[PDB]
């Protein structure tokens, strides 16, 4: 029963908007870039806060999607994680350390740790995966882009000296990069990145917000699923997809057009409130929470994403993003 690996015909239903910025003195414009896990009935979400003044991050939890908007926000600048530019989190449990990791950007590829996801006050001040700064290959190829959207995924090889931990990132210039280190060394020792995919003619076809997941029980050419956000010809965001037999393998398109996306306006049905034409920077809500980023596709995917009123006219950082949910 790999029932929910839908090949080239993915189909979704979206909720209305589920999470809004608070009406508090921070005057946040958008809630963005979610990462989420479900643990014994509680959803744990980390997201970016966005306004023209800057970016930081929030943590919140809830048990019912209809009540998510009422969840109190823990502003992570109150933890050692702290004030400053931080955005676009990914959360997973790194089992060999018995620590949760929060991977995100701060100008570099960064991470924080915490032994208990339920205690957001303990997230550490950032440490970076690239101690000397922006890698040469990224500085050489970024142009007028931005180094964004960091993603870790580890293979499940039992031997920690053979098992690899991969770190992907984008440049808003048409490149997708990948570094690696062994499980034994992680988070230390990330290699110089390599460009693994590029779209030089249309940079917007391979834009940002990459996700790489393991498909549980899949052992061949569709073992790994790559999602990347693209911008369509009328400015609407959607996700392209590819598959491979390994994380550092060759990626072959799966559902990779605007007309037939992994998720986009074309294949998402709003059965209730219809509030966005963009399906942007999202993540699958994971129940298998460890560093292998494994999805069980015997069950429907829930993908928490950011959407926005298509009629909004603001500067990009002031756009009124809200979180919503698509379900198979």
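Residue numbers count along the first chain shown, from 1.
Peer 1: If you average the CA temperature factors over each stretch, which comes out higher, 101-109 or 77-85?
Peer 2: The stretch with the larger average C-alpha B-factor is 77-85.
Peer 1: State which stretch shows the higher mean Cα B factor in the entry: 254-262 or 156-164.
Peer 2: Between 156-164 and 254-262, it is 156-164 that shows the higher mean C-alpha B-factor.
Peer 1: According to the deposited entry, which of 90, 241, 179, 200 has the largest Cα B-factor?
Peer 2: Result of the comparison over 90, 241, 179, 200: 200.
Peer 1: Comparing recorded Cα B-factors across 144, 124, 170, 185, which one is largest?
Peer 2: Checking the PDB record, the top C-alpha B-factor among 144, 124, 170, 185 is at 144.
Peer 1: Select lowest, middle or highest to describe the third in which the CA B-factor of residue 15 falls within its chain in this entry.
Peer 2: Its C-alpha B-factor, which the entry lists for residue 15, ranks in the middle third among residues of this chain.
Peer 1: Within this chain's modelled residues, let me know which third the CA B factor of residue 39 belongs to: lowest, middle or highest.
Peer 2: CA B-factor rank for residue 39: highest third.
Peer 1: State the tercile, meaning the lowest, middle or highest third, of residue 290 with respect to the CA B-factors recorded for its chain.
Peer 2: Tercile = middle for this residue's CA B-factor.
Peer 1: Among all modelled residues of this chain, ranked by Cα B factor, put residue 114 in the bottom, middle or top third, i.e. lowest, middle or highest.
Peer 2: Middle third of the chain for residue 114's C-alpha B-factor.
Peer 1: Sorting the chain's modelled residues by C-alpha B-factor, tell me whether residue 236 ends up in the lowest, middle or highest third.
Peer 2: Its C-alpha B-factor belongs to the highest third of this chain's values.
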